[PDB]
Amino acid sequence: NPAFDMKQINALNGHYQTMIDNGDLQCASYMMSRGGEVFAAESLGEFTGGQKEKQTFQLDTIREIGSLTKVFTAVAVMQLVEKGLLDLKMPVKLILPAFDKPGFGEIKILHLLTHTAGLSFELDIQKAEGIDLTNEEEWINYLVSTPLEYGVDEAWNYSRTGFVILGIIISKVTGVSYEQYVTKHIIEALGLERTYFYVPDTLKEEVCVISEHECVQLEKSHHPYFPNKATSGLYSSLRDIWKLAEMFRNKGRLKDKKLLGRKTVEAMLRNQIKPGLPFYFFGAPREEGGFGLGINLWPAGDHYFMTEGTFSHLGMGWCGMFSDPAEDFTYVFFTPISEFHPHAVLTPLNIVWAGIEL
């Protein structure tokens, strides 16, 4: 029925479990579907932030998705483009007049969505004494006081800053908070049942945490140094991330629920980066590859088993969503882990795609 070699499911489970048993990470989980029907899903190991005793990692365990939050922000931007309230060639200074100054004035909404605005990875919070970075006005003020690392369209440079700005733009043009907009128009519209910007207290002890830092961030009902959670801070679950990926694979629909027009999703999944731009991630060079409107088109093709056209996003944490339209195939996973390790984060995709049959 799913045309999948289930020996690879055995390989996948043994792969995650071997790392869990050797202490490389505390727990892992995944969920995979063909033609929109989940045929394999598993949660392995257990978790603790360091104080309370262990608890079993479950298929429906809520976990922060970090950077994956940017994909929700991207959907929100594109919903506003569909309504004519935004256009991606708008300079940011038209919505946020503090950007009306040399350098920042050339930054357009498209640049933010594609990490080509010339912004650095993050804004240094050490020189942020006396500033309330949670206040929209004081955060924007400090931002435009910081020099840009590049001009526009000079490099792909993954930037947390860029998606905080998009959050502010969404809030400015809708007259509601960034979080309220995404909760109403994406979380509730897609029928996600375990996704929150702020987990209610009745569910905080069920949330997967693996460090005391994650414990503290779970109970803080705000972001410590941003005016919104548009670049990170959503909590979600395997099935909800799965639904998000399947909305994209079906070009904007999930059963009866329509989030975007199909022509809109096709634009979001098209490569938007000018050929020959250098790529960087946290100061280090990265191999170039396609990048959409807030969605990654790499890894795909080349030596990978994922077909060309596979779209994806990782999130530090770690977690990921991968959907291969050519195979109607979708894989989402949680691998909570202190530092990035490709054996846990990326190497399992080889195992999964090697099981796909005709």
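So that there is no doubt, residue numbering starts at 1 and follows the sequence shown.
The stretch 154-162 shows the higher mean C-alpha B-factor when 154-162 is compared against 71-79 in the entry.
Per the PDB record, of the two stretches 189-197 and 121-129, 121-129 carries the greater mean B-factor over its C-alpha atoms. Note on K263, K258, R249, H222: the highest value goes to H222, judged by CA B factor as recorded. The PDB entry assigns the greatest CA B-factor among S33, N296, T61, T307 to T61. Annotation for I168: CA B-factor lies in the lowest third of the chain's modelled residues. When the modelled residues of the chain are ordered by their C-alpha B factor, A300 lands in the lowest third. When the modelled residues of the chain are ordered by their C-alpha B factor, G50 lands in the highest third. When the modelled residues of the chain are ordered by their C-alpha B factor, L254 lands in the middle third. The deposited CA B-factor of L234 belongs to the lowest third of values across its chain.
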